[PDB]
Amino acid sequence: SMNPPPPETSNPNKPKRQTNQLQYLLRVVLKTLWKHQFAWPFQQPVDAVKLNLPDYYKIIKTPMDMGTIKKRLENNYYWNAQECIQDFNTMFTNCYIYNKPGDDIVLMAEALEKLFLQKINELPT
């Protein structure tokens, strides 16, 4: 397929954890970003067949999206907040990598990344 399987949202080999910061990442950070007007391209894995981006996964080797992040948070997949934050950063950087400066999709990611940074500036103790 043009599409690889989506990133795992569970892994029985990997230990689970719940922290105040991870709870906040789901309840506040993810769920607020999700409602932003520019969130829609990032709410699910890129479907290269649907979107006619046959080279997407030829270029992007560590795909990530907020649908996956949401499911990971719901499943207590992450060890800590930093691990989850890394997934958001991978999502943004993928967008900058696959596209180019000034593209509409990049303007969208830029705005979401700013809002994301505002929200993770302070996490609960």
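Note that the rigid core is defined as the largest set of C-alphas that superpose within 1.5 Å between two forms. For every residue, the number given is its place in the sequence shown, counted from 1.
Larger root-mean-square CA separation from the shown form, computed after a rigid core fit of the structures in 8 other deposited structures of this protein, is seen for 52-60 when 52-60 is set against 68-76.
In a rigid core superposition of the other structures in 8 other deposited structures of this protein, 86-94 and 42-50 differ in how far their CA atoms stray, and the farther one is 42-50.
When 32-40 is weighed against 86-94, 32-40 comes out higher, by mean CA B-factor as recorded in the entry. When the modelled residues of the chain are ordered by C-alpha B-factor, residue 115 sits in the highest third. Residue-level temperature factors show residue 75 in the highest third of its chain, judged at the C-alpha atom. Residue-level temperature factors show residue 68 in the lowest third of its chain, judged at the C-alpha atom. Sort the chain's modelled residues by C-alpha temperature factor and residue 15 lands in the lowest third, per the entry.
Ranked against the other modelled residues of its chain, the C-alpha B-factor of residue 53 as given in the entry falls in the highest third.
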